[PDB]
Amino acid sequence: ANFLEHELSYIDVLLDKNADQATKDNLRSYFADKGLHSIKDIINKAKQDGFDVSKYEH
Amino acid sequence: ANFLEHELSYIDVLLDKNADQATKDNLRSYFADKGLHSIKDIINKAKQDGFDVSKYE
Amino acid sequence: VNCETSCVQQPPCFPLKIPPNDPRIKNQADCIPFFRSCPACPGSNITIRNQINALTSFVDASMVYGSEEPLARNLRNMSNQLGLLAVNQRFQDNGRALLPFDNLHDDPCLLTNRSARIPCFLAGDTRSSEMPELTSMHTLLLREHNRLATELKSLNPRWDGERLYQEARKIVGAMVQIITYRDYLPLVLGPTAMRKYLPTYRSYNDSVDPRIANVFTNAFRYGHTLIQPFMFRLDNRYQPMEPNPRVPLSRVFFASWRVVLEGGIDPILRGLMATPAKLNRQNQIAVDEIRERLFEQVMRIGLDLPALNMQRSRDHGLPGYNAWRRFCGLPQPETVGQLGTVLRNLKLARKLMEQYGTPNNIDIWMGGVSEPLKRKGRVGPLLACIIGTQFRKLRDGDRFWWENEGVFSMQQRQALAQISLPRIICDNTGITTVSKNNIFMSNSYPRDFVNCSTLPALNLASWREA
Amino acid sequence: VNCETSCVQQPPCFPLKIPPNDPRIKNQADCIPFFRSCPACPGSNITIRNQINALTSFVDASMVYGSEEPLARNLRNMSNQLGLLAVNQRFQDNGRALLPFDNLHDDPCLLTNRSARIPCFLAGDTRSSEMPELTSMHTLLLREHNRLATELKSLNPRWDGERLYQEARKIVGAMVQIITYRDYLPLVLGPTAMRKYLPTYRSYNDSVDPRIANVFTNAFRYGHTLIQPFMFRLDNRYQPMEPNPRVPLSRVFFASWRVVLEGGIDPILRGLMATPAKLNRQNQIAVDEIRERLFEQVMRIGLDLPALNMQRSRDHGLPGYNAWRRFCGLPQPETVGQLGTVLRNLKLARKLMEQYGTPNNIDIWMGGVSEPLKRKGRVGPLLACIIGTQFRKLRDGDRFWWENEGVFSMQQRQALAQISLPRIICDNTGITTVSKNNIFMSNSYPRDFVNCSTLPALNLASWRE
Amino acid sequence: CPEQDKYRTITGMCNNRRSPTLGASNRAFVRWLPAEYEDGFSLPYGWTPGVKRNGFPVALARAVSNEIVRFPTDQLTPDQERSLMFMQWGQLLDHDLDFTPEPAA
Amino acid sequence: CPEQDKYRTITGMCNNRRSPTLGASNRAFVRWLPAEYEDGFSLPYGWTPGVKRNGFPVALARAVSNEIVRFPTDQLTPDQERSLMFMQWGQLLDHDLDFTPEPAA
Ligand SMILES: *[C@@H]1O[C@H](CO[C@@H]2O[C@@H](C)[C@@H](O)[C@@H](O)[C@@H]2O)[C@@H](O[C@@H]2O[C@H](CO)[C@@H](O[C@@H]3O[C@H](CO[C@H]4O[C@H](CO)[C@@H](O)[C@H](O)[C@@H]4O)[C@@H](O)[C@H](O)[C@@H]3O)[C@H](O)[C@H]2NC(C)=O)[C@H](O)[C@H]1NC(C)=O
Ligand SMILES: *[C@@H]1O[C@H](CO[C@@H]2O[C@@H](C)[C@@H](O)[C@@H](O)[C@@H]2O)[C@@H](O[C@@H]2O[C@H](CO)[C@@H](O[C@@H]3O[C@H](CO[C@H]4O[C@H](CO)[C@@H](O)[C@H](O)[C@@H]4O)[C@@H](O)[C@H](O)[C@@H]3O)[C@H](O)[C@H]2NC(C)=O)[C@H](O)[C@H]1NC(C)=O
Ligand code: HEM
Ligand code: HEM
Ligand SMILES: *[C@@H]1O[C@H](CO)[C@@H](O[C@@H]2O[C@H](CO)[C@@H](O)[C@H](O)[C@H]2NC(C)=O)[C@H](O)[C@H]1NC(C)=O
Ligand SMILES: *[C@@H]1O[C@H](CO)[C@@H](O)[C@H](O)[C@H]1NC(C)=O
Ligand SMILES: *[C@@H]1O[C@H](CO)[C@@H](O)[C@H](O)[C@H]1NC(C)=O
Ligand SMILES: *[C@@H]1O[C@H](CO)[C@@H](O)[C@H](O)[C@H]1NC(C)=O
Ligand SMILES: [Br-]
Ligand SMILES: [Br-]
Ligand SMILES: [Br-]
Ligand SMILES: [Br-]
Ligand SMILES: [Br-]
Ligand SMILES: [Br-]
Ligand SMILES: [Br-]
Ligand SMILES: [Br-]
Ligand SMILES: [Br-]
Ligand SMILES: [Br-]
Ligand SMILES: [Br-]
Ligand SMILES: [Br-]
Ligand SMILES: [Br-]
Ligand SMILES: [Br-]
Ligand SMILES: [Br-]
Ligand SMILES: [Br-]
Ligand SMILES: [Br-]
Ligand SMILES: [Br-]
Ligand SMILES: [Br-]
Ligand SMILES: [Br-]
Ligand SMILES: [Br-]
Ligand SMILES: [Br-]
Ligand SMILES: [Br-]
Ligand SMILES: [Br-]
Ligand SMILES: [Br-]
Ligand SMILES: [Br-]
Ligand SMILES: [Br-]
Ligand SMILES: [Br-]
Ligand SMILES: [Br-]
Ligand SMILES: [Br-]
Ligand SMILES: [Br-]
Ligand SMILES: [Br-]
Ligand SMILES: [Br-]
Ligand SMILES: [Br-]
Ligand SMILES: [Br-]
Ligand SMILES: [Br-]
Ligand SMILES: [Br-]
Ligand SMILES: [Br-]
Ligand SMILES: [Br-]
Ligand SMILES: [Br-]
Ligand SMILES: [Br-]
Ligand SMILES: [Br-]
Ligand SMILES: [Br-]
Ligand SMILES: [Br-]
Ligand SMILES: [Br-]
Ligand SMILES: [Br-]
Ligand SMILES: [Ca+2]
Ligand SMILES: [Ca+2]
C-alpha cells in the first residue's frame, strides 16, 4: 500500500507535455488500481509515506 | 447436559436413609461434576428436562 | 436456511438436486437434504478444508464406552463399586439388561411408533438406535461388560469399581479386536489381500500413524451393498416369529420400541446368524429400502444412501477412482474399453462413462463397489487396498493392541484366543443354539449351528491378583 | 507482548532462554528474541498447528517476480510496453541497473550506516537486502530479465509488454531450474544421492505433491555451515579491493548502502567466484559472525542463527533426528556408542547425548549438520534424503518445468542448455573474467578462470515469430 | 502424557506418546491424498452450476444412483457364504472407528 | 482454473489442475511426519518448565549452540572444492522456495 520511490518516475511521464497518450492512460489505471484516482491523490500518497512532492507545487 | 432417565435411580439412592455414606458422596460427586451441588438442584434438573419428579415431595 | 426443510443451496446446506424422470421424486424442485460435514478450521481461506473424526480411531470398543469423558461417565453405573455400565431402569428383556434411554432434544425414535413412546437408546456412539440389529449388538456388548465385571469381582473382591470397569473394558476391547482381525477382515479382503495388507503382527510401532483417513470414512461404506431389505426375527426353533417376522427396513430405522416391546434382542440375533447377507453384484449394488426409503418414518422425505455417499465424498474433497487406483499401485483405465477390462464388465463400464465422462471422476464409493470381488472376499482390489491399509495402521499403531508385549500376560493372551462371538451370544442371551465355524460365513439353520454347551467359556483365572 | 524488547513468554513470543556461563550473554534474565511462526488456523483447539509458506514452492524465480499479484505489478515498469522490471531511479553501478528501493515501516537498512540513508531494496522476496551478496544475485537476475526483454523486443517488434515480460520471465525461471539441478544440487548431494533422489527426468506427473514440506524449511538451513565470516570484494584483477576488502559479516547485514556507494555488484560477484566457501566440519559447524552477532547492527542484541534454527524446529513441532532417520530408511542409533558409529565421532556423540539425553530428541538441524558428508557432497545421508526428496517433488510435480513436453520447443531447449551462471555475469556486469567449469566448484584465481568471450551466449533465434 | 499408565484413555489421547493426539477423538482426519475441491480449498464438486471437473460435467449423485445402483429388489442374490451378522459387525465396527459431525439445524 | 493457459500464475495457483492450491503461496506446508508438540497440538517443547520430551529434559537451543556449534574462527577450514558462490546460490534458491511469516513487532 506504501508509495515506492520508483513510482516518482511515473509522475514525470504523466506531467510530460508530449508523452504518448496510451502510455499516460496506463499509468492512471495503474494508480487507480491502488485507490489513487487523481494526480492530486498521487502526490498526497507520496507525501504521507515520506517523500517530497512539493517539488511540483507552488 | 440433559438429565438422563437412569439418573433418577441415583435420586433414590441419595434419599435412602439406609444407604452407605460412601455410596452417597460418590453420587453427589458425580452430580457436582455436572454442576448440581444439592439434591434440590438434581430434582430440579430432572424436572426441567422432562421427567416426572412428583414422588419427590 | 435450515438444511432439513429448505432446498436453497447456502452454507452449510449442500442438497442433492433431483434429475428429470426420477422414478420416485417427480417434483424436480424438491431435493434430498444434506448438511456439509463440519470443517476442522471454520471460515479459513488459508487451509484446505478437512473434516473431523469425533471418535477414537482405535479398535477399543469406544462404541460401547464412549469417546469423550462426560459421556463415558454417564454410561457407567455410579450407585455402587461394581464397575458396571448403566442399564435401563424401566425395561428388561426376559430378565436381562437393555441399554438405558438417551434424552435427546429432537428424538427420532419417538416418531417411529408414536403410541409406544420409546426414545432412542444411550450408548458409546450416537447411532446405536439406527437399526435394531445394531442396537442388539450394542446391547450384547453392554451385557458382556457387566458379566466380566461381575466375574472379576468374584475373582478379586478387593478391586474397586474403577479397577473392575477398566479391566472389563480392556477385555471387551481385546474381544472386538480378535473378532475383527481373526474372523471378520479375512472374509472382507480374502486371503491374498489379507497376507498383503495384514501380515502377521510383530510388535507395536510408535511411528505408525493410527488416524482414520478421510477416504476410509467413504470406502468402508462398502457394507451398504450387504444390506438386506428386511429385518428377520426367529424364535427359539429358528422359525419366523410372531405376526411380523420380516419387517421392511424402512419401518425399523430408529425403531427402538421393537427391541423393548416386540421381544428383545434374542430373535434379532437369531435373524442375523441364520439369514444370508445380500451379495454385492455389479447389477445389484444396493436395495431400494436404503436407496428410496432411508429414514422415511422420521423426516420429510426418504433419503438415498448410495447418493448420500457420493455427495459426502465430494463434500470431503475426495479424489476420484483413478487417483485412488494410482495411490494403491493399480492400473488406471483411461478408456471405456480399459475400464471394461478392469471391471470385467463392459456394460457397467459404458454406464459409468455415460455418467462421469472419464474414470478420473468416478466417485470413490461408486468405483470401489463397482469392482469385481476378490476370491473369498467381498471387496475388489481398490477397496481391499484402502480398508487393508487402514486396519494395518490401527493394529500396528496401537500401543494397547491385545498382542503387544506388556498389554496382557501370556496366560491372558492364551485365554483370549478362545473367545468367539457365538460364545458371547450364549453367555448374555436366552439363545442356546448358535453359528459354528466362523459366524460370518455360517448362515443356514440347522446345517451350520451347534449347541452352546460345545463351546468353551472365556476362562478368567489368569486375571487373579492376590 | 513485544517479543523484540521483552523476555516474557506470552504468545506470540517464544524467546530463547540463556544458560549459565554463556560466553556472551552474562545475564540469565535476558533472552534471544523469537516470534513463533504464524499458524495456518489461528486459535484452534482442533487442528494440529501448522505454519504457512508465503511463496510459490516451484523453482519459478519467484524471488525475482514476487509470489503475490499486487507486489508483482509494483515490480514492473508500467511506463512503456517494453515488458521490463522497474529499476532504481536514483542510483546506478557504472551505468547499469540497481534494484528499486522499498518503503518499509521500520527500515533496517537505514540503521546500518545512518548517514548514507540508503533504504532496503524491493524485490520478489522480502529478504533481498539481508546480505549484499544476496542483493548482488538479485540485481543480476533483474538485469538479465531486462536484457532478455530488450533482445526479444528487437527480435519481435509486434510483441506487447505483457508478452515480453512473460517470455523473459519464463526464460529466467528456466535458468534458475537449470543452474539449480544441473550445477548446484549434484555438489550438495554428491553423485550417489543425486542418482537415488533425482533420477533422470521423465515427464510431468500431476499426482506428485509439489508443496514444501515443513521439515525442509529447517533442513535446507544446512547452508548456514557454508557461511564465511567476511564479505570479500575483489577488483578487476581479482585483487583485494581497497580500502574495505574483507568486511566482517556483522557489518554487512541489511547494509544496502554498500552496493550503492561502495562499488556496485561487480566487486561482490568477483569475491563469491574467487573465494572458498567454509567447509562444514564436526568441530567447526558455524561461525560466530552468525552465531554471536547476527543482525547486531539493527537490533538490541546479536542473534544466534544456529540456536534460532533449533528453536524454530520446536516452534514448528518437528520430530527429532531418529524419526527423520526412520523416515529416510536409515538406521536409528539408540545408545551413545551407536550414535558414535553413525557420526564417526564418539566425542560429538557424547556431547549430543549430554544435551539431548537420547538421539530421539536431537533437533533436526543439529542432527543433520552433525553427520559426515557424502562422498563429493556437502550434506550427510539424512539431509540428502530430505533435500533430494523435496527437489524431486519440485521437478516432477511442476507443470511448467523447462523440460516438460510443450513448455519449450526442442530448439528452445537446446538453446537453454547452453546457459550458465558465469555467462549471465558476463552479459550483465562489467566483469570480463569469470569462473570456468562449474562455478560452484571453481574457487581460485587465476587457475579456475576464463575470458568471457570463450563462453557462448544464449541464442534467442528460436523465440522468433 | 504420564509416563506410566495401564489403561487406554477414553479420548485416545496419549496412545502415541510422541504425537499424543494421533487416533484421539475430535481431531482432523489424516489425508492420504491432497483434497480436490471446485475452488481448490473448500467448495465441493457440483456446488457451482456449470463448473466442470477435470474436463467433464459433475453427475448428480441421485442420477448415478438411479442409473447404476438401482435394481429390482425381488431379484436380490443371497450370499451363500456370508451371514447377515457379517453385515452387522461391519456397521458396529465402523461405529468404533469414525463419526463425522455435521452442524445442527 | 482455466482449461488452457500459456504461462505460470504469479501465486502458483493452477499449476496442479486437480488440486489447484498445491505449490501456491499463502498455504500451509505439507507434513511428511505427524507434528510433535508439548501438548500434542500447539505448544513447542521448551515452553512449559519441567515438561520433558520423550523422557528427557529439553536442551536450551542456545546451550546446544554453545557446546556443539561454537568454534574458534581461526580454525576455519576453507573448502578447496566449493566457491562462496556455492553458499550464496543456496540462499538465493531458498528464497525462491519458502518464506515462513511471523507476526510483526
Ligand atoms: C506419479 O507420481 C506418484 C507419486 O510418486 C511419489 O513421488 C515421486 C516424485 C517419486 O518419488 C515416486 O517414487 C513416489 O512414489 C506415483 O504414485 C505413487 O506410486 C506408488 C507406487 O505405486 C504408491 O505407493 C504404494 O502405496 C500403496 C498405499 O500405501 C501408501 O500410503 C500409505 C498411507 O500414507 C502408507 O502407509 C504406505 O506406506 C504407502 O506409502 C501401497 O499399498 C503400495 O505398496 C505402495 O507403497 C504411491 O502411493 C503413489 N502415490 C500417489 C500420490 O498416488 C505414480 O506412480 C507416478 N506415476 C508415474 C507414471 O511416474
Ligand atoms: C515402523 O513403521 C514405519 C511406518 O511404516 C509404514 O506403515 C506400516 C504400517 C507399514 O505399512 C510399512 O510398510 C509402512 O512403510 C516404518 O517407517 C517407514 O520406513 C519406510 C522404509 O524405510 C520409509 O519409506 C522410505 O521413505 C523415504 C522418504 O520418502 C518417503 O516419504 C515421502 C513422503 O512424502 C514420499 O514422497 C516417498 O514416496 C516416500 O514414501 C524414501 O526415500 C525411501 O525410498 C522409502 O520409500 C517410510 O518413510 C517410513 N515411515 C515413517 C518413518 O513414518 C518403520 O520402518 C517401521 N519399523 C519397524 C521396525 O517395523
Ligand atoms: C444397518 C443399516 C445401516 C444404515 C441405516 C446406515 C446409514 C448410514 C448413514 C445415514 C450414513 C451417513 C450418510 C451421509 O453421508 O450423510 C452412513 C455412513 C457410514 N456408514 Fe452406513 N449404514 C448402515 C450400515 C453400514 C454398514 C454395514 C457399514 C460397513 C460395513 C457402514 C459404514 C458406514 C460408515 C463408515 C459411514 C461413515 C461414518 C462417519 O460418520 O464417518 N454402514 N451410514
Ligand atoms: C548471508 C547469509 C544468510 C543469512 C543472514 C541468513 C539468515 C537467516 C535467518 C535469520 C533465518 C530465520 C531464522 C529464524 O528461524 O528465525 C534464516 C532461515 C532460513 N535459511 Fe538462512 N541465512 C543465510 C544463508 C542461507 C543459506 C546459504 C541457506 C541455504 C543454502 C539458507 C537457508 C535458509 C532457509 C531455507 C531458511 C528458512 C526460510 C523460511 O522462512 O522458510 N540461508 N536464515
Ligand atoms: C405400535 O406400538 C404398540 C405398542 O405400544 C403396538 O401395540 C401392540 O400390538 C400387539 C400386536 O402385535 C398387541 O399384542 C399389543 O397388546 C399391542 N399393545 C398396545 C399397547 O396396543 C402396535 O402394534 C405398534 N404399531 C405398529 C404399526 O406396529
Ligand atoms: C447399578 O447396579 C445395580 C446392581 O446390579 C442395579 O440394580 C442398578 O439398577 C444399576 N443402576 C444403573 C443406573 O444401572
Ligand atoms: C522504465 O524504462 C525506461 C526505459 O528503459 C527507463 O528510462 C525508466 O527509468 C524505467 N522506469 C523504471 C521505474 O524502471
Ligand atoms: C558510511 O557511509 C558513508 C557513505 O557516504 C561512508 O563515507 C562512510 O565511510 C561509512 N562509514 C563506515 C564506518 O563505513
Ligand atoms: Br527507486
Ligand atoms: Br459449511
Ligand atoms: Br415427489
Ligand atoms: Br444381563
Ligand atoms: Br433409562
Ligand atoms: Br411402524
Ligand atoms: Br445414523
Ligand atoms: Br484402576
Ligand atoms: Br487377532
Ligand atoms: Br486369510
Ligand atoms: Br492382493
Ligand atoms: Br505411517
Ligand atoms: Br411388517
Ligand atoms: Br451382475
Ligand atoms: Br451390468
Ligand atoms: Br419435517
Ligand atoms: Br486422476
Ligand atoms: Br488399464
Ligand atoms: Br484390477
Ligand atoms: Br468365502
Ligand atoms: Br435358541
Ligand atoms: Br464351532
Ligand atoms: Br466364530
Ligand atoms: Br502464537
Ligand atoms: Br543493466
Ligand atoms: Br557501517
Ligand atoms: Br532473513
Ligand atoms: Br501474453
Ligand atoms: Br536440468
Ligand atoms: Br551427479
Ligand atoms: Br507425492
Ligand atoms: Br568433535
Ligand atoms: Br523416534
Ligand atoms: Br545404529
Ligand atoms: Br549412516
Ligand atoms: Br570416500
Ligand atoms: Br567434490
Ligand atoms: Br544417501
Ligand atoms: Br574482471
Ligand atoms: Br558453470
Ligand atoms: Br484422504
Ligand atoms: Br490437502
Ligand atoms: Br431397475
Ligand atoms: Br514435516
Ligand atoms: Br500433523
Ligand atoms: Br570454542
Ligand atoms: Ca474407537
Ligand atoms: Ca517459487
# chains A, B, ... in the order shown; residues from 1 in each chain; ligands from 1
>>> residues_near_ligand(ligand="ligand 8", cutoff="8 Å", atoms="only C-alpha atoms and all ligand atoms", output="list in words")
residues 113, 114, 115, 116, 257, 258, 261 and 262 of chain D
>>> interface_residues(of="chain F", to="chain E", cutoff="12 Å", atoms="only C-alpha atoms", output="MDAnalysis selection string")
chainID F and resid 1:4 13:24 27:28 30:42 45 51:56
>>> write_last_selection(atoms="N, CA and C atoms", output="mmCIF file, in the first residue's frame")
data_model
loop_
_atom_site.group_PDB
_atom_site.id
_atom_site.type_symbol
_atom_site.label_atom_id
_atom_site.label_comp_id
_atom_site.auth_asym_id
_atom_site.auth_seq_id
_atom_site.Cartn_x
_atom_site.Cartn_y
_atom_site.Cartn_z
ATOM 1 N N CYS F 1 -9.975 -22.022 -12.499
ATOM 2 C CA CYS F 1 -8.753 -22.675 -13.049
ATOM 3 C C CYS F 1 -8.959 -22.930 -14.546
ATOM 4 N N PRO F 2 -8.411 -22.099 -15.478
ATOM 5 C CA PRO F 2 -8.750 -22.234 -16.895
ATOM 6 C C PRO F 2 -8.190 -23.504 -17.536
ATOM 7 N N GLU F 3 -8.879 -23.946 -18.602
ATOM 8 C CA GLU F 3 -8.611 -25.229 -19.245
ATOM 9 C C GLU F 3 -7.483 -25.095 -20.273
ATOM 10 N N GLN F 4 -7.121 -23.868 -20.672
ATOM 11 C CA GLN F 4 -5.882 -23.684 -21.417
ATOM 12 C C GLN F 4 -5.237 -22.369 -20.990
ATOM 13 N N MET F 13 -1.169 -20.722 -8.161
ATOM 14 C CA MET F 13 -2.476 -21.346 -8.315
ATOM 15 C C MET F 13 -2.525 -21.954 -9.714
ATOM 16 N N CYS F 14 -3.078 -23.168 -9.797
ATOM 17 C CA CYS F 14 -3.466 -23.790 -11.048
ATOM 18 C C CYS F 14 -2.319 -24.523 -11.743
ATOM 19 N N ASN F 15 -1.121 -24.557 -11.151
ATOM 20 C CA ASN F 15 -0.029 -25.366 -11.682
ATOM 21 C C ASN F 15 -0.520 -26.813 -11.728
ATOM 22 N N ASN F 16 -1.082 -27.272 -10.599
ATOM 23 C CA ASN F 16 -1.750 -28.559 -10.495
ATOM 24 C C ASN F 16 -3.254 -28.384 -10.712
ATOM 25 N N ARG F 17 -3.785 -28.917 -11.812
ATOM 26 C CA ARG F 17 -5.167 -28.645 -12.172
ATOM 27 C C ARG F 17 -6.134 -29.358 -11.220
ATOM 28 N N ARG F 18 -5.810 -30.570 -10.753
ATOM 29 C CA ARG F 18 -6.736 -31.333 -9.929
ATOM 30 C C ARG F 18 -6.773 -30.772 -8.503
ATOM 31 N N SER F 19 -5.655 -30.259 -8.003
ATOM 32 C CA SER F 19 -5.653 -29.682 -6.669
ATOM 33 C C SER F 19 -4.933 -28.331 -6.710
ATOM 34 N N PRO F 20 -5.643 -27.278 -7.174
ATOM 35 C CA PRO F 20 -5.002 -26.064 -7.664
ATOM 36 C C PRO F 20 -4.241 -25.195 -6.667
ATOM 37 N N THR F 21 -4.339 -25.427 -5.351
ATOM 38 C CA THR F 21 -3.553 -24.648 -4.399
ATOM 39 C C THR F 21 -2.152 -25.249 -4.202
ATOM 40 N N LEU F 22 -1.905 -26.440 -4.747
ATOM 41 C CA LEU F 22 -0.690 -27.164 -4.421
ATOM 42 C C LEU F 22 0.505 -26.431 -5.023
ATOM 43 N N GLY F 23 1.386 -25.951 -4.143
ATOM 44 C CA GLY F 23 2.573 -25.216 -4.550
ATOM 45 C C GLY F 23 2.318 -23.719 -4.663
ATOM 46 N N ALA F 24 1.075 -23.308 -4.416
ATOM 47 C CA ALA F 24 0.733 -21.895 -4.419
ATOM 48 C C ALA F 24 1.082 -21.248 -3.076
ATOM 49 N N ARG F 27 -0.236 -20.756 1.755
ATOM 50 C CA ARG F 27 -0.828 -22.047 2.032
ATOM 51 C C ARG F 27 0.078 -22.741 3.038
ATOM 52 N N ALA F 28 -0.484 -23.729 3.738
ATOM 53 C CA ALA F 28 0.229 -24.466 4.764
ATOM 54 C C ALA F 28 1.244 -25.414 4.125
ATOM 55 N N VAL F 30 3.122 -28.884 3.765
ATOM 56 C CA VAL F 30 2.699 -30.259 3.921
ATOM 57 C C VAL F 30 3.548 -30.864 5.032
ATOM 58 N N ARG F 31 2.984 -31.847 5.740
ATOM 59 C CA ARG F 31 3.689 -32.599 6.769
ATOM 60 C C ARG F 31 4.087 -33.979 6.223
ATOM 61 N N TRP F 32 5.382 -34.310 6.246
ATOM 62 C CA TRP F 32 5.843 -35.654 5.952
ATOM 63 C C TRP F 32 5.755 -36.560 7.180
ATOM 64 N N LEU F 33 5.758 -35.969 8.380
ATOM 65 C CA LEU F 33 5.576 -36.718 9.613
ATOM 66 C C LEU F 33 4.563 -35.978 10.475
ATOM 67 N N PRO F 34 3.813 -36.695 11.336
ATOM 68 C CA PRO F 34 2.981 -36.053 12.347
ATOM 69 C C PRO F 34 3.773 -35.087 13.236
ATOM 70 N N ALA F 35 3.187 -33.929 13.548
ATOM 71 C CA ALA F 35 3.879 -32.933 14.349
ATOM 72 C C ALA F 35 4.027 -33.433 15.779
ATOM 73 N N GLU F 36 5.090 -32.977 16.436
ATOM 74 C CA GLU F 36 5.383 -33.340 17.817
ATOM 75 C C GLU F 36 5.435 -32.080 18.682
ATOM 76 N N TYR F 37 4.357 -31.837 19.439
ATOM 77 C CA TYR F 37 4.211 -30.671 20.299
ATOM 78 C C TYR F 37 4.108 -31.108 21.765
ATOM 79 N N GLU F 38 4.485 -30.204 22.669
ATOM 80 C CA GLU F 38 4.475 -30.464 24.101
ATOM 81 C C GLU F 38 3.112 -30.975 24.561
ATOM 82 N N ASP F 39 2.042 -30.358 24.044
ATOM 83 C CA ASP F 39 0.662 -30.669 24.390
ATOM 84 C C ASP F 39 -0.056 -31.413 23.259
ATOM 85 N N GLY F 40 0.674 -31.981 22.300
ATOM 86 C CA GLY F 40 0.016 -32.709 21.230
ATOM 87 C C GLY F 40 -0.296 -31.834 20.024
ATOM 88 N N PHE F 41 -0.690 -30.561 20.218
ATOM 89 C CA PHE F 41 -1.321 -29.824 19.126
ATOM 90 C C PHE F 41 -0.794 -28.398 18.910
ATOM 91 N N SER F 42 0.024 -27.809 19.798
ATOM 92 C CA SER F 42 0.287 -26.385 19.645
ATOM 93 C C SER F 42 1.580 -25.896 20.307
ATOM 94 N N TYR F 45 7.972 -27.871 22.516
ATOM 95 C CA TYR F 45 8.907 -28.377 23.506
ATOM 96 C C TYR F 45 9.821 -27.244 23.935
ATOM 97 N N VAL F 51 8.584 -29.803 31.772
ATOM 98 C CA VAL F 51 7.946 -30.766 30.883
ATOM 99 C C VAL F 51 9.002 -31.326 29.933
ATOM 100 N N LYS F 52 9.177 -32.647 30.020
ATOM 101 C CA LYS F 52 10.213 -33.353 29.293
ATOM 102 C C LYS F 52 9.726 -33.729 27.897
ATOM 103 N N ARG F 53 10.678 -34.079 27.036
ATOM 104 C CA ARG F 53 10.387 -34.607 25.715
ATOM 105 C C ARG F 53 10.826 -36.063 25.680
ATOM 106 N N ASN F 54 9.849 -36.970 25.553
ATOM 107 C CA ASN F 54 10.125 -38.384 25.344
ATOM 108 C C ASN F 54 11.072 -38.902 26.432
ATOM 109 N N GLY F 55 10.969 -38.366 27.659
ATOM 110 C CA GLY F 55 11.636 -38.951 28.811
ATOM 111 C C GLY F 55 12.828 -38.137 29.328
ATOM 112 N N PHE F 56 13.174 -37.029 28.661
ATOM 113 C CA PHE F 56 14.415 -36.314 28.928
ATOM 114 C C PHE F 56 14.174 -34.812 28.837
#
>>> closest_residue(among="C:395, C:258, C:233, C:293", to="residue C:272", atoms="only C-alpha atoms")
C:233
>>> atom_distance(atom1="atom CA of residue B:22", atom2="atom CA of residue C:81")
10.0 Å
>>> residues_near_ligand(ligand="ligand 12", cutoff="12 Å", atoms="only C-alpha atoms and all ligand atoms", output="PyMOL selection string")
chain C and resi 84-88+91-99+139-150+264-265+424-430
>>> select_by_dssp(residues="stretch 34-74 of chain C", states="alpha helix (DSSP H)", output="short mmCIF file (atom, residue, chain, number, x, y, z; two decimals) with C-alpha atoms, in the first residue's frame")
data_model
loop_
_atom_site.label_atom_id
_atom_site.label_comp_id
_atom_site.auth_asym_id
_atom_site.auth_seq_id
_atom_site.Cartn_x
_atom_site.Cartn_y
_atom_site.Cartn_z
CA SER C 62 -15.44 -46.91 22.01
CA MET C 63 -18.91 -47.55 20.58
CA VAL C 64 -19.61 -49.13 23.99
CA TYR C 65 -17.57 -46.91 26.37
CA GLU C 69 -15.06 -38.27 29.28
CA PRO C 70 -18.52 -36.83 30.23
CA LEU C 71 -20.30 -39.42 28.05
CA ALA C 72 -18.07 -42.22 29.38
CA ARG C 73 -19.09 -41.33 32.95
CA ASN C 74 -22.82 -41.18 32.10
#
>>> interface_residues(of="chain C", to="chain F", cutoff="9 Å", atoms="only C-alpha atoms", output="CSV table (one decimal) with C-alpha atoms, in the first residue's frame")
chain,number,residue,atom,x,y,z
C,45,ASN,CA,-9.1,-19.4,3.3
C,46,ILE,CA,-5.6,-20.5,4.1
C,47,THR,CA,-6.4,-24.1,5.0
C,48,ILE,CA,-7.7,-26.8,2.7
C,207,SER,CA,5.9,-44.5,14.0
C,209,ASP,CA,0.1,-43.1,12.2
C,319,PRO,CA,-10.1,-37.6,-5.3
>>> closest_residue(among="D:465, D:334, D:209, D:266", to="chain E", atoms="only C-alpha atoms")
D:209
>>> residues_around(residues="residue A:27", least_positions_apart="6", cutoff="10 Å", atoms="only C-alpha atoms", output="list in words")
residues 7, 10, 11, 13, 14 and 33 of chain A; 77, 78, 79 and 80 of chain D
>>> closest_atom_pairs(of="stretch 167-216 of chain C", to="stretch 77-92 of chain E", cutoff="12 Å", atoms="only C-alpha atoms", output="Markdown table")
| residue | atom | partner | partner_atom | distance |
| --- | --- | --- | --- | --- |
| C:176 | CA | E:89 | CA | 9.7 |
| C:177 | CA | E:89 | CA | 11.8 |
| C:179 | CA | E:89 | CA | 9.2 |
| C:180 | CA | E:89 | CA | 8.3 |
| C:181 | CA | E:89 | CA | 11.9 |
| C:183 | CA | E:86 | CA | 9.7 |
| C:184 | CA | E:86 | CA | 7.2 |
| C:185 | CA | E:90 | CA | 9.3 |
| C:186 | CA | E:86 | CA | 11.4 |
| C:187 | CA | E:82 | CA | 8.4 |
| C:188 | CA | E:86 | CA | 8.9 |
>>> closest_residue(among="C:270, C:196, C:17, C:316", to="ligand 49", atoms="only C-alpha atoms and all ligand atoms")
C:316
>>> atom_distance(atom1="atom CA of residue C:4", atom2="atom CA of residue E:60")
19.1 Å
>>> residues_near_ligand(ligand="ligand 40", cutoff="9 Å", atoms="only C-alpha atoms and all ligand atoms", output="ChimeraX atom specification")
/D:281-284,345-349,351 /F:68
>>> closest_residue(among="C:79, C:8, C:299, C:213", to="residue B:19", atoms="only C-alpha atoms")
C:79
>>> residues_near_ligand(ligand="ligand 35", cutoff="9 Å", atoms="only C-alpha atoms and all ligand atoms", output="list in words")
residues 126, 127, 128, 129, 130 and 131 of chain D
>>> write_last_selection(atoms="N, CA, C and O atoms", output="short mmCIF file (atom, residue, chain, number, x, y, z; two decimals), in the first residue's frame")
data_model
loop_
_atom_site.label_atom_id
_atom_site.label_comp_id
_atom_site.auth_asym_id
_atom_site.auth_seq_id
_atom_site.Cartn_x
_atom_site.Cartn_y
_atom_site.Cartn_z
N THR D 126 11.27 -10.62 0.23
CA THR D 126 11.47 -9.53 1.17
C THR D 126 12.88 -9.55 1.75
O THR D 126 13.24 -8.59 2.42
N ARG D 127 13.65 -10.62 1.53
CA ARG D 127 14.92 -10.77 2.21
C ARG D 127 16.10 -10.32 1.34
O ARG D 127 17.24 -10.64 1.64
N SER D 128 15.83 -9.53 0.30
CA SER D 128 16.84 -9.31 -0.73
C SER D 128 18.00 -8.47 -0.18
O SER D 128 19.09 -8.54 -0.73
N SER D 129 17.77 -7.72 0.90
CA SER D 129 18.78 -6.83 1.44
C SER D 129 19.61 -7.50 2.54
O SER D 129 20.49 -6.86 3.10
N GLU D 130 19.36 -8.77 2.86
CA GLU D 130 19.84 -9.32 4.13
C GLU D 130 21.37 -9.40 4.17
O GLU D 130 21.96 -9.21 5.22
N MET D 131 22.01 -9.71 3.04
CA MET D 131 23.46 -9.60 2.93
C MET D 131 23.75 -9.12 1.51
O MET D 131 22.99 -9.42 0.59
#
